[PDB]
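Residue numbers (PDB author numbering): 3189 to 3381.
All C-beta atoms in this analysis are idealised placements derived from N, C-alpha and C, irrespective of residue type, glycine included.
This report refers to the structure that appears directly beneath it.
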């Protein structure tokens, strides 16, 4: 009985340490989760009225076309940025054929980390200082492109913050699971004692 009691005390101490680690991880994860929520609102900016304009646009602006390339990258439709802008725009037009279908697909397409290869290409366009796409410069070329870019930047920037938070959440979840297992072992072991 004394040996069992000592084992139970050690298990309880381990469970308490695990619970404290899990609580710290959860608090950090929670602050970053509201930051990610703000990123999600930024991604959400894109609307049904903005998408129809792109379809009825017809004339191709030098900058507006860039927004189409990043949208294709998120969709992982292939062709990278190697293909010419005029050819790239026609593929973008098919997506914008039906405004309601495109808006519905965007919410479903958020997923989690999407495709790792696509984020690199998407990150490269955002990382490059040139070709605008800062979400303010894009608005000047066309109002519709700014909303699409803003959502795209939120998705890319949103994915990076979400990915950091997803490790934070994994650490918090592992700590919580260890603490729960320790608590159950302690409870049953205390009852047996």
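* Do the region 3237-3250 and the region 3267-3284 meet, that is, are 3 or more Cβ pairs less than 8 angstroms apart? -> Segments in contact, yes.
- Message: Please give the ranges of any alpha helix (DSSP H) in the region 3216-3301, keeping only runs that are unbroken, at least 4 residues long and fully inside the region.
- Response: Runs of the alpha helix (DSSP H) inside the region 3216-3301: 3236-3245, 3250-3263, 3273-3283 and 3287-3297.
Margin query: Counting beta carbon pairs with one atom in the region 3256-3267 and one in the region 3336-3345, are three or more of them shorter than 8 angstroms?
Written below: Taking 8 angstroms as the limit for Cβ pairs, the verdict is that the region 3256-3267 does touch the region 3336-3345.
Open item on the list: Does residue 3358 come out as helix, strand or coil in the three-state DSSP assignment?
Closed with: Residue 3358 sits at position 170 when you count from the first residue of the chain shown. For residue 3358, the secondary structure class from DSSP, reduced to helix, strand or coil, is helix.
Margin query: I'd like the span of the alpha helix (DSSP H) that includes residue 3325, first residue to last.
Written below: Within the chain shown, the letter at position 137 stands for residue 3325. It spans 3325-3329 - the alpha helix (DSSP H) in which residue 3325 sits, taken as one unbroken run.
Take residue 3199 and list the residues in its own chain whose beta-carbon comes closer than 7 angstroms to its own, dropping the five residues that flank it on each side.
Taking the chain shown and counting its residues from 1, the one referred to as residue 3199 is at position 11. Excluding the 5 residues flanking it on each side, residue 3199 has same chain C-beta neighbours closer than 7 angstroms at 3370, 3373, 3374 and 3377, in chain order.
Exercise for the section: Report all residues from its chain with a CB closer than 6 angstroms to the CB of residue 3314; omit the five preceding and five following residues, and keep chain order. Expected result: One-based indexing of the chain shown puts residue 3314 at position 126. Excluding positions up to five away in sequence, the list reads 3344.
**N- and C-terminal bounds of the alpha helix (DSSP H) containing residue 3309** = By 1-based counting over the chain shown, the position of residue 3309 is 121. From DSSP, the alpha helix (DSSP H) with residue 3309 extends over 3304-3315.
Could you tell me the alpha carbon to alpha carbon distance between residue 3241 and residue 3364, rounded to whole angstroms? By one-based count along the chain shown, residue 3241 stands at place 53. By one-based count along the chain shown, residue 3364 stands at place 176. Rounded to the nearest whole angstrom, the C-alpha separation of residue 3241 and residue 3364 is 48 angstroms.
Could you have a look at residue 3318 and say whether DSSP puts it in helix, strand or coil?
The residue given as residue 3318 occupies position 130 in the chain shown. DSSP places residue 3318 in the coil class of the three-state scheme, outside both helix and strand.
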